[PDB]
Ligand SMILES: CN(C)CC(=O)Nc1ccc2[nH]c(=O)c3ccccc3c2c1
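In the form solved without the named molecule, a lone chain appears below as structure tokens.
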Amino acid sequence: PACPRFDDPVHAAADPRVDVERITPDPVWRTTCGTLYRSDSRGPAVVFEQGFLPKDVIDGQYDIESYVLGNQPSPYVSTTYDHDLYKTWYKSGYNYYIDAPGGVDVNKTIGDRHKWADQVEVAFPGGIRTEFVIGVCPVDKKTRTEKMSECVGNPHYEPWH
């Protein structure tokens, strides 16, 4: 089955003050609805209550290539198509599982030749409300593996397809 499409390209946003017209270059929006992932040090006690909030929606770096290459504060919350990218971010103690519409497909938007194209990123302008955060798995730092008996579902997750 194909995915439902919301009319609002930032329907998912935790911070709706994000300014879609300030995004550069012109974004190529993700139209698939597979699970995405985010390595984050922040704990589920916080993420499940707040969602993923972006560092700066008003004065942050709205330029995608600038944000990818130099992680200045931005209106974006980064995620990945790649379940296993947490192995590269071993320091972050969690691999979050996300089921959210939309997002800017970084490689479709700025190409797949830049330094970080292997990150297969999707950038959420305005972040990601908790209802789109499936859950989380803690990461064992020494083996770069998920502690699967310690995964936790987000009580606020609301399936939508």
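From 1 onward, residues are counted along the sequence shown.
The discussion below concerns the form deposited with the named molecule bound, not included here.
Peer 1: Taking the named molecule as it sits in the deposited complex, is residue 99 near enough to touch it, meaning that at least one heavy atom pair lies within 4.5 angstroms?
Peer 2: Residue 99: no, not in contact with the named molecule in the deposited complex.
Peer 1: Give a yes or no for residue 37: in the deposited complex, does one of its heavy atoms lie within 4.5 Å of a heavy atom belonging to the named molecule?
Peer 2: Output for residue 37 is yes: heavy atoms within 4.5 Å of the named molecule.
Peer 1: Just to confirm, residue 119 within 4.5 Å of the named molecule in the deposited complex by heavy atoms?
Peer 2: Flag for residue 119 set to yes.
Peer 1: Whether residue 108 contacts the named molecule in the deposited complex should be assessed with a 4.5 Å heavy atom distance threshold; does it?
Peer 2: Residue 108: no contact with the named molecule in the deposited complex.
Peer 1: Output the sequence-ordered list of residues from 47-65 with at least one heavy atom within 4.5 Å of the named molecule in the deposited complex.
Peer 2: The one in contact is 55.
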